[PDB]
C-alpha cells in the first residue's frame, strides 16, 4: 500500500540516500516515504532550473499556457486518486481533499489565460517635458527568474499551484518545497506537470529535513524570488534570509467578525460557524473572534451554539466537519488556550473533549482581553465571543491584534459598514458573509504580521514579473 516517492529533478525522478516516512495524522497509518535531500542535491535542482530558464523564457506565451492547461487536465483526471492521499496525509475530509485538487486545476487554467494576455505600455517623453516629445519608452514584461515556492500543510496542493502556475506562465522557472507533512501530495502534483511535458528543469521539487536544508534552500544565490505560505514565526525567519530578493508571505490571522445590533443574527451565526470551524479551524483566513454589540450578544451566542452542537466530529474518511489536528503539539497548544479561558472565567457554551488529537469544537462567551484566546491564533476548533459596547470599541479591539488578514461585518447598514471597513487594518472585509480567500481572481493579502505581497491570480503574476524598458527617439 505505502509507496516510495521521488523528486522531480531536471526531467528525471530521483531518490536520495535517506528518506522521510510520512504517517496519517488521524490514524497513524504509514502512507509512504519521500527523499531527505542533501545540500548537494539542492544544488543540482537549482543548477538545472537556471539552465532551463533561457529556453523557457523565450517560448511564446501560448506555448507556456498549453503546458499549464495540460497539467490542469491531468489533475482533474486524477483528482480522486490524489485527493484520497491528500486526505490521509493532512487529515482533511475526503470530499474536501478532492475538492482541493479540482480547485487547483481551476487556478492553473485561470492563471494560464490571465498571464498570456498581459500587455506592456508605451510612454511619451512629452508627457513630462517638451524637449523630449519625440522620445518614447516601450515597456514590456519579463520574468524575475527562479521562484522558490513553499506550500503549507493545510493546502499542500492548492497553495502550491497558486504559486507554480502564475510563476510559470510569466516565464519563470520553479522549485517547489512542500512541507514534510504534505510532501507526498506535493510530489503527486509534480507528477501531473511532468506527464504534461513541462520541459526538464522548468519545474522541480525539493524534499528534505529542515535541520539539513531548511535555511540552505532560501539563502541559495540561484533563487531570485521566494513565495511562502505557512506559520508566522517561520515566515519572519524567511524575511531575515531574503536579502535583496523579493518575497511574498502568507502567514497567520485572527479575523474579527463584527456583529452590529441591526444584523440578521441567524445568518451571521451560520456564516461565522462555517468560517470558524472549517478544517477544524486550521486556516489563516477564518473567523477567529466575534466582536458583538451587547444588546444582541445573548441571542447571537445561542444561535452560534445551536449550530456548533450540530457539527460532526470524526475521521477524514467520514467527511466529518471536525477532524483530528495535524499533530500532538498543535492539539496541546489548543488545549492550553482552552484551559486559560476556562480558568479566567469564560463561559463554555459547548464542552471540551479530546480523543488523541481530535478536539471537539469549543465555543466560549464572555471572553476578555486578559485571555490568551482573545489574541492568539489557535489553529484549532475554538471560538471566542467578545462583547463590546460601541462600534468604536469593536474597531479598536479588532485593530489591536498583531494580525490583519480579513474581517467580516454583519449589519444592514452598508454605508456604515464601508466606513468601518476603511478603519479596519486588514486586507479584505466581507459584508454579511464569512472571511474567505475566494474567489481566486480577487486580491488576497494581509496587513501587519499576516504577510507581505498581494496574491489572487492576476496580482500574483504581476508580483512575479518585472519590466524591461527600451527607449528611443523618433525621427
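Numbering follows the first chain given and starts at 1. Rigid core (definition): largest C-alpha set, two forms, superposition within 1.5 Å.
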Higher-deviation stretch (C-alpha RMS, rigid core fit) in 5 other deposited structures of this protein, choosing from 127 to 135 and 204 to 212: 204 to 212
Outlying stretch relative to shown form, 166 to 174 versus 117 to 125 in 5 other deposited structures of this protein, C-alpha RMS (core): 117 to 125
Averaging only over Cα atoms, indicate whether 283 to 291 or 231 to 239 has the higher B-factor in the PDB entry. 231 to 239
Is the mean CA B factor in the deposited entry higher across 187 to 195 or across 347 to 355? 347 to 355
Per the deposited B-factor column, the C-alpha that peaks among 157, 223, 263, 206 belongs to 263
With respect to the C-alpha temperature factors reported in the PDB entry, which of 88, 135, 305, 163 ranks highest? 305
Select lowest, middle or highest to describe the third in which the CA B-factor of residue 78 falls within its chain in this entry. lowest
Is the Cα B-factor recorded for residue 38 in the lowest, middle or highest third of its chain? middle
Quick tally, chain-level thirds of C-alpha B-factors: residue 29 sits in the highest
For residue 275, the third of its chain into which the C-alpha B factor falls: middle
When the modelled residues of the chain are sorted by Cα temperature factor, does residue 364 land in the lowest, middle or highest third? highest
